Q: 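Before we start, here is the structure in question, set down as structure tokens.
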Amino acid sequence: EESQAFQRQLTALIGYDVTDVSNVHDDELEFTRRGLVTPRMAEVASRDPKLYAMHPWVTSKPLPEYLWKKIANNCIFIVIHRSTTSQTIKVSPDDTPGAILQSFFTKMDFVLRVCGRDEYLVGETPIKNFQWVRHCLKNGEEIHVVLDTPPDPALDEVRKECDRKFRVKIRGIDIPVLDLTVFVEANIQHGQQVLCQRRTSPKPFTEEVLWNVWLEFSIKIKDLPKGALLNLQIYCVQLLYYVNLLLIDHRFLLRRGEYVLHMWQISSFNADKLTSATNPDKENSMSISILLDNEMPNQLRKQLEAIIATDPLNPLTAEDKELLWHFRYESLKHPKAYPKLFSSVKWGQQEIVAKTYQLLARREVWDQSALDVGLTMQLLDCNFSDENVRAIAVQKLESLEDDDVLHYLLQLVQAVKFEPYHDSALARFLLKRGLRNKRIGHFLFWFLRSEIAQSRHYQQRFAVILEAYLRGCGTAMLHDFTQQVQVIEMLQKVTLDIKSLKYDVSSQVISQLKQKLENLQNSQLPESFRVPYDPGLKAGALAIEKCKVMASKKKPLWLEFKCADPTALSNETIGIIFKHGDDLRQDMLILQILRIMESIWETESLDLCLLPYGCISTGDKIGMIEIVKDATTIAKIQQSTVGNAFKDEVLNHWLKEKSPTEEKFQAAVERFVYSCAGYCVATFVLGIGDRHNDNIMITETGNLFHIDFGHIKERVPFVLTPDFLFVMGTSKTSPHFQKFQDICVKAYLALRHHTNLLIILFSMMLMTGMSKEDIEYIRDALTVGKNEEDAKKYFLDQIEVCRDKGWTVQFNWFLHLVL
Ligand SMILES: Cc1nc(N)nc(-c2c(Nc3ccn[nH]3)nc3ccccn23)n1
């Protein structure tokens, strides 16, 4: 009764009932629910109670030069508040919070929490290595901390608990509601590669079509590898329906018996085409009925090395594969070659696979190599179905620190879509790291929940993983998650209702919104909740007066909240946009790559001032967007002066009038230069550079940033318009334009050092979140195969294209958004 009620809370928290067995043909999901019990308990029993409660957010990376140049006399100042008294203290960058606390005790046990935030400076780490400190230095802000009690670890209380050939019988297909022809195609797939293919005879396409044909494949039973898929597709010639069935299940048993599989409808490659899940809609979907009842030369070395050196998108010829395989032992000495090598494996040949597993027993070089995320991610994509191969990637991932896990978390969750089985090393890894650390666990929740809400293809899998995490995260976080879920469900209903009620926000609309928000505040809207994109902030009451409906196409809600923390230094509100219509999954992915790009630039001592705003997709074409404060649209700035034609002087004028002093205006101009360069490089590489300037914003302190990334004739590589160059003092060249060009080149070249990582992430993004030719764009953008000097000029030329095209492209967009 109590256990049954606890499951209902989980169901409401998850957004899917994991105990549901209406859409299964076996027990893989249950087996996985049972399988994850140990991994969960083990991490729960192993984590340090104190450090888990306080979740310090630290890094082992060096402090970049641009942050060292901001600290003088090897002295960082910290302000310590208590009750109504605060004192500034001189602290060395190398000091530990424990050593700092002894100073504020001798000078005249407690813990140092960040003022206005659930964020604690604790543990055996130098204060320079705390993220919040690094954040403070970055923005020239003082470190305000409060001396108070460590949270009670008791709050994280966890509740106690054969030589024959293979063949398939195609009985027939049926559709509830449909003179063309139709045929069934059956494929034995492994890692995108097709091992064997058979076809039924084409028949008239009616509501029921029977074949009763044994389709005999050329592959033997013994030759079938683990993770092999029977992929069943229906062509009428165009594809209409597909469904998959693992030939060897979770218990290493060959699949036998009768199956009636409800298939997926088609809207080139897509992660959804790989799913082992069946269509839950029995009432409306097509189904299929089946029956199963069964040492080297110098020239070659150069040839080999060339292959290894090619990018992850360069396809291998049979010649290249036969070369890699024959010299596998030599290939094994090169971590970089593992993806290509393991793609040269004939997986439909048992004795070859045996050799492959023996080859993986000689992993000395792999184990010893420095972790390479791009390389590691390559082995976790759709090209690799083998659990043993995939496990060596997850093994490399084990050495990542929390800081780094957070950088890659989203696409690691997405990568689970490429796993053949519900239980996998990667699933256990994510489960492990989320239970170890509250921040990773917070975002894991939202990432898993995002897919569960809008992916029928993977919700079952992801829902099982989420239940596993929620059963170990502890009572306190379960309370936080519940609070958060209640708030967003409430505000999503309001979002859709207002939208339902001409792109002119009428008087009666503004009235209705104010009404609905007041009625929530009084009723069940909890006094406070963690901000989903910023788990360190607690949002209090709605600041109703400041809430409005935006005069945009999709009519999004502009919401502002009080901070629940009374120790907050400011009276700043928390701004959240709730929107329906944009696919915010696409925003999430792009934003995540932007953060990775920022971390790449830090390693070369660059700060290009990107503003990768918080964003959490909560369902189909719906979610939340962090409001960047003091920010307006480049279009609106043009609208206010001109109306509808574009003037060059306007933007530089805007920065002047929004600046109090000359010193700050110079700082605003510098930030523009750095941030404009940052977005020019990032967007160009990503193929999202050609944007209408309604989708480009700038802060009152000069920080340019792109927004609304979902769903992306004269063309432009990026947006560097005449108004942008006028701020830089050009119409010719300038000290600011020279610096802009200098930053661009350095930023462009810095990304190219990480070519493989970017190609893979972009590649995975398109497969999980959006053909081959779309993916290949990034190779040309990253000028693979070209030296640096030649690459420098390439991007220099892209700047010149923008200068030549002036206002043409922008003007065209304006016309396009006038129909
Ligand atoms: C990150 C951010 N900050 C601000 N101030 N505004 C927005 C924003 C956005 N952002 C956004 C991100 C993704 N879709 N939309 N859309 C609108 C529409 C009207 C007015 C403002 N916005 N986004």
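Counting starts at 1 for both ligands and their atoms, following the listed order. When a residue number appears, it is its place in the shown sequence, counting from 1.
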Q: Go through ligand 1 atom by atom and flag the ones less than 4.0 Å from a non-hydrogen atom of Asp582.
A: 14 (N), 15 (N)
Q: If the cut-off is 4.0 Å to any non-hydrogen atom of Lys579, which atoms of ligand 1 fall inside it?
A: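 Listed by number with element, the hits are 14 (N), 15 (N), 16 (N).
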Q: For atom 9 (C) of ligand 1, state which one of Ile707, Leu591, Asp708 supplies the nearest heavy atom.
A: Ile707
Q: Partners of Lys61 by salt bridge (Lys or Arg N to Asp or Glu O under 4.0 Å), sequence neighbours excluded?
A: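 Once residues adjacent in sequence are excluded, the partners of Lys61 under the salt bridge (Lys or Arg N to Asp or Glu O under 4.0 Å) criterion are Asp403, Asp404.
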Q: Please determine if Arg439 and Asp402 form a salt bridge, counting it only when a charged side-chain N lies under 4.0 Å from a carboxylate O.
A: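 No.
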Q: By number and element, which atoms of ligand 1 are closer than 4.0 Å to a non-hydrogen atom of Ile577?
A: 6 (N), 7 (C), 8 (C), 22 (N)
Q: Taking the inter-plane angle between the rings of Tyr777 and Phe684 on a 0 to 90° scale, is it parallel (under 30°), tilted (30 to 60°) or perpendicular (over 60°)?
A: perpendicular
Q: Looking only at non-hydrogen atoms, which of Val628, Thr632, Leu611, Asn695 approaches atom 3 (N) of ligand 1 most closely?
A: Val628
Q: Between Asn652 and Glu649, is there a donor-acceptor pair closer than 3.5 Å when you use the side chain of the first and the backbone of the second?
A: no
Q: Do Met597 and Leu758 have side-chain heavy atoms sitting under 4.5 Å apart?
A: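 Result yes, sub-4.5 Å side-chain heavy-atom pair found.
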Q: Output the list of atoms in ligand 1 that are nearer than 4.0 Å to some heavy atom of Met697, sorted by atom number.
A: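 Here the atoms of ligand 1 in question are 4 (C), 5 (N), 6 (N), 7 (C).
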Q: Report the member of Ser552, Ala551, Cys615 with the shortest heavy-atom distance to atom 18 (C) of ligand 1.
A: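 It is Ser552 that holds the nearest heavy atom.
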Q: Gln454 pairs by side-chain contact (heavy atoms from CB on, under 4.5 Å) with which of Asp583, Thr618, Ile622?
A: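 With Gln454 as partner, side-chain contact (heavy atoms from CB on, under 4.5 Å) holds for just one option, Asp583.
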Q: As an exercise, identify every atom of ligand 1 less than 4.0 angstrom from a heavy atom of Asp587.
A: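 Reading through ligand 1 atom by atom, the close ones are 13 (C).
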Q: Describe, in one word, how the ring planes of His135 and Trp132 are oriented to each other, choosing from parallel (under 30°), tilted (30 to 60°) and perpendicular (over 60°).
A: tilted
Q: What are the atoms of ligand 1, with element, lying closer than 4.0 Å to any heavy atom of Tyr613?
A: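 So the answer, numbered in order with elements, is 1 (C), 12 (C), 13 (C).
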